[PDB]
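Presented as structure tokens, the chain that follows is alone, the form deposited in one PDB entry.
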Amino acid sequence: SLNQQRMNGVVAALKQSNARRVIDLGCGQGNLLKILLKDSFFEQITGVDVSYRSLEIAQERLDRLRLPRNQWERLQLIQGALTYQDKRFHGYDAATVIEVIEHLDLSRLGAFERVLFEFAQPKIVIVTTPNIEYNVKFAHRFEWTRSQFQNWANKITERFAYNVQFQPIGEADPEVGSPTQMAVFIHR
């Protein structure tokens, strides 16, 4: 599936960056957290979400796993808004922001940007978001275009200490490109 392909892409991008300590912003029900907790490669798996219920559901399904020795203590769930500057966000190798930006509204998107690229300031930021151009041709009116996604990223590289690289997720179409947009930000 695409979701699965997205999880593989994200995890692959994290390992190539040697990012061991990961904090997933807007972690929802823990799909990525699960995959990150079963893999000893990772040393810190932190999930953040504004809804405690989502975190409650994450704990439940993550608990269905069976892991060796101390691999459980690598986990940490934190409730919080993506706009709230929390001290606990400091010190990670990478922050993952998967299928989240298209849901934020202009107002809190600004604040989210400071919290992430200015405050937390991890070494690596991975962000994925749907490609509305793809989903239209092949058939969610809130998804971004590729152009919209790239101006946003470059804007970030001008306001904050980061450079950015893009990569395709899902079979790419010559014209509208791939179904999922992905951007890796690397601190300067």
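Note that residue numbering follows the sequence shown and begins at 1.
Keep in mind the form solved in complex with a small molecule is missing from the figure; the text below concerns it.
No member of the trio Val11, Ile23 and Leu75 reaches the small molecule in the bound PDB entry with any non-hydrogen atom inside 4.5 Å. Residue contact with the small molecule in the bound PDB entry: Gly28 places a heavy atom within 4.5 Å of it. Proximity of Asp86 to the small molecule in the bound PDB entry: non-hydrogen atoms within 4.5 Å are absent; the residue sits far from the partner. The small molecule in the bound PDB entry is not approached by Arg114, whose heavy atoms all lie more than 4.5 angstroms from it.
Although the partner is absent here, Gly80 is a contact residue: one of its heavy atoms lies within 4.5 angstroms of the small molecule in the bound PDB entry. Stretch 43-51 is the answer when you ask which of 43-51, 65-73, 147-155, 118-126 has residues with heavy atoms within 4.5 Å of the small molecule in the bound PDB entry.
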